[PDB]
Protein chains: 2
Amino acid sequence: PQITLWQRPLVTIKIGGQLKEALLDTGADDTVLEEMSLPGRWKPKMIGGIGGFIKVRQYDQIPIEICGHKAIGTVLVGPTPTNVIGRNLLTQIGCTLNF
Amino acid sequence: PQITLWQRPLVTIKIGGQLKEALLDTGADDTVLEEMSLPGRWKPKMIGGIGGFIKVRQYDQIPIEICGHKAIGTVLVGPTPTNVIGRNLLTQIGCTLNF
Ligand SMILES: COC(=O)N[C@H](C(=O)NN(CCC[C@@]1(O)Cc2ccc(cc2)C/C=C\CNC(=O)[C@H](C(C)C)NC1=O)Cc1ccc(-c2cccnc2)cc1)C(C)(C)C
Ligand SMILES: [Cl-]
Ligand SMILES: [Cl-]
Ligand SMILES: [Cl-]
């Protein structure tokens, strides 16, 4: 698709058997989701943005579907104010910026 | 151009006759730059990121070139971790997301 930026670019994702809404975020290195369960090993991480840092759990090799596009990658889970899809997964679905 | 997302989408901007580096950030409603001088009066704004809220100075109707593309719009100035170009200006330069 071509996604306009007049509005926030929100999409449906499927992850861990759940459907969630998330923001396609070219400014984000990492994908970060609100608290949820994921299977397998994790390790703690601090990530920073406007306003400072939060602590998250880092899960690797997590399958995700974004707009019907399957990918696998690292998902961070913690007290983010909003669900963001970062570059680590945007690359995998072939997402580009164009102007 | 078409910008892939394997690296941070950093571009050169020009504002107040000076070149700076900034991040093209579809997850950002607004454009926020690190401390700098701009002309005219400013208004208060509080913006929220992953780590919480910061106070910024809002300047309106500021000329800014982004990758050589001319825009004129609202620029926020404050203690951001990096210069970010948000949707308010990404729409002026005709940016979309595509996959
Ligand atoms: C609607 O408000 C906003 O548009 N906020 C924006 C914003 O923070 N949006 N975020 C999107 C993520 C912004 C950013 O790309 C901005 C950003 C910050 C630092 C850096 C790059 C880009 C570089 C430093 C380290 C790397 N950090 C990151 O890559 C992080 C991580 C999320 C991966 N990236 C970012 O945090 C998502 C976000 C959206 C809403 C909100 C909080 C939010 C809304 C209402 N109330 C509280 C918080 C976060 C502003 C930049 C204008 C503050
Ligand atoms: Cl990854
Ligand atoms: Cl590619
Ligand atoms: Cl504007």
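Each ligand, and each atom within it, is numbered from 1 in the order the structure gives. In what follows, chains are A, B, ... by sequence order, proteins preceding strands, each numbered from 1. Just so it is clear, the values below take in all heavy atoms, side chains as well, and ignore hydrogens, waters and symmetry mates.
Of the protein's non-hydrogen atoms, B:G27 O, 3.7 Å is the one closest to atom 10 (N) of ligand 1. If you check which protein heavy atom lies closest to atom 4 (O) of ligand 1, you get B:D29 N, 3.0 Å. For atom 31 (C) of ligand 1, the nearest non-hydrogen atom of the protein is A:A28 CB, 4.1 Å.
Considering backbone and side-chain atoms together, B:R8 places no N or O closer than 3.5 Å to any N or O of ligand 1.
Short contacts between ligand 1 and B:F53, defined as distances under 4.0 Å to a heavy atom of the residue, involve ligand atoms 46 (N), 47 (C). Close contacts of ligand 1 with B:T82, meaning ligand atoms under 4.0 Å from a residue heavy atom, involve 20 (C), 21 (C), 23 (C). Close approach of ligand 1 to A:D30 is summarised as follows: ligand atoms under 4.0 Å from at least one heavy atom of the residue are 33 (C). Taking every non-hydrogen atom of B:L23 and a distance limit under 4.0 Å, the qualifying atoms of ligand 1 come out as 21 (C), 22 (C).
Side-chain contact between B:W42 and B:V56: absent, with no pair of heavy atoms (C-beta onward) separated by less than 4.5 Å.
Nearest to atom 7 (C) of ligand 1 by heavy atom, out of A:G48, B:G48, A:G49, B:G52, is B:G48.
Using modelled atom types and a 3.5 Å distance limit, the side chains of A:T96 and B:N98 yield no donor-acceptor pair.
A salt bridge links A:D29 with B:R8: at least one charged nitrogen is closer than 4.0 Å to a carboxylate oxygen.
In this structure, B:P81 is part of the shell of residues with a heavy atom less than 4.0 angstrom from ligand 1. Under the 4.0 angstrom criterion for non-hydrogen atoms, A:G86 is not in contact with ligand 1. In this structure, A:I47 falls outside the shell of residues with a heavy atom less than 4.0 angstrom from ligand 1. Within the 4.0 Å heavy-atom cutoff, B:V32 does not count among the residues contacting ligand 1.
Using a 4.0 Å threshold on non-hydrogen atoms, atom 44 (C) of ligand 1 does not count as touching the protein.
Here the closest non-hydrogen pair linking B:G48 and A:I50 is C-CG2, 4.4 Å.
Rounded to the nearest 0.5 angstrom, A:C95 SG and A:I66 CD1 are separated by 9.0 Å. Interatomic distance, NZ of A:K70 versus CD of A:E65, reported as 4.5 Å (0.5 Å rounding).
Formation of a donor-acceptor pair under 3.5 Å by the B:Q92 side chain with backbone atoms of B:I72 is found in this model. Not a single donor-acceptor pair under 3.5 Å links the side chain of A:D30 to the backbone N or O of A:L76.
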Could you list the donor-acceptor pairs under 3.5 angstrom formed by side chains in residues 15-27 of chain A, with sequence neighbours left out?
unit_1, atom_1, unit_2, atom_2, d
A:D25, OD1, A:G27, N, 3.0
A:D25, OD1, B:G27, N, 3.3
A:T26, OG1, B:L24, O, 2.7
A:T26, OG1, B:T26, N, 3.0
A:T26, OG1, B:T26, OG1, 3.4

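Heavy-atom contacts from other residues, nucleotides or ligands closer than 6.0 Å to CD of A:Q61 number 12 or fewer.
Contact annotation: for B:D25 versus ligand 1, heavy atoms closer than 4.0 Å belong to the side chain alone.
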